[PDB]
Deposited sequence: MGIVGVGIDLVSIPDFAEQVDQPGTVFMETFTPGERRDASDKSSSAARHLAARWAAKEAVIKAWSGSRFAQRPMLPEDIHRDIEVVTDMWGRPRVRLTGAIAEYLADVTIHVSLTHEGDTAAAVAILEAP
């Protein structure tokens, strides 16, 4: 069944200023980069919210290790590395990204066995 769900909104211009946690692949895909980086930030945050959300009342247990990979058609897929890849070993992650005007968003759903 479902482990958790997360959603995130990111202000693109504010994110652009803040960045001045991403893989080479992400940075490559992004480079108008702010839009793309902001939606990848939202996606990492959605994944975190979905997982951490499943650990209600537990002590918390990262951003670079949640990688949005894109295929040749630009479809997003999450690839995990590091300590979170261990924790979410049997978990399937579904994500979707959007950016419209000044706002990026993402949703993630984690699903296990």
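Could you give the ranges of the deposited sequence that carry no C-alpha coordinates? Residues lacking C-alpha coordinates: 1, 22-29, 41-44, 75-78.
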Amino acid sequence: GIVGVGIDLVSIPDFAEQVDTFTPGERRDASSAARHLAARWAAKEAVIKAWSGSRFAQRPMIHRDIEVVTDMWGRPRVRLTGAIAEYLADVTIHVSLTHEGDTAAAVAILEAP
From here on, numbers count along this sequence of modelled residues.
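Using only C-alpha atoms and the B-factors in the entry, which stretch averages higher, 98-106 or 85-93? Higher mean C-alpha B-factor in the PDB entry: 85-93.
Selected stretch [higher average CA B-factor]: 7-15 or 21-29:
Between 7-15 and 21-29, it is 21-29.
- Task: Sort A50, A57, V68, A42 by C-alpha B-factor from the entry and give me just the highest.
- Result: Checking the PDB record, the top C-alpha B-factor among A50, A57, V68, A42 is at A57.
Going by the CA temperature factor in the PDB record, which third of the chain does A46 belong to: lowest, middle or highest?
For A46, the deposited C-alpha B-factor lands in the lowest third.
Review point. Relative to the other modelled residues in the chain, which third contains the C-alpha temperature factor of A38: lowest, middle or highest?
Key: For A38, whose C-alpha B-factor we compare with every modelled residue in the chain, the answer is the lowest third.
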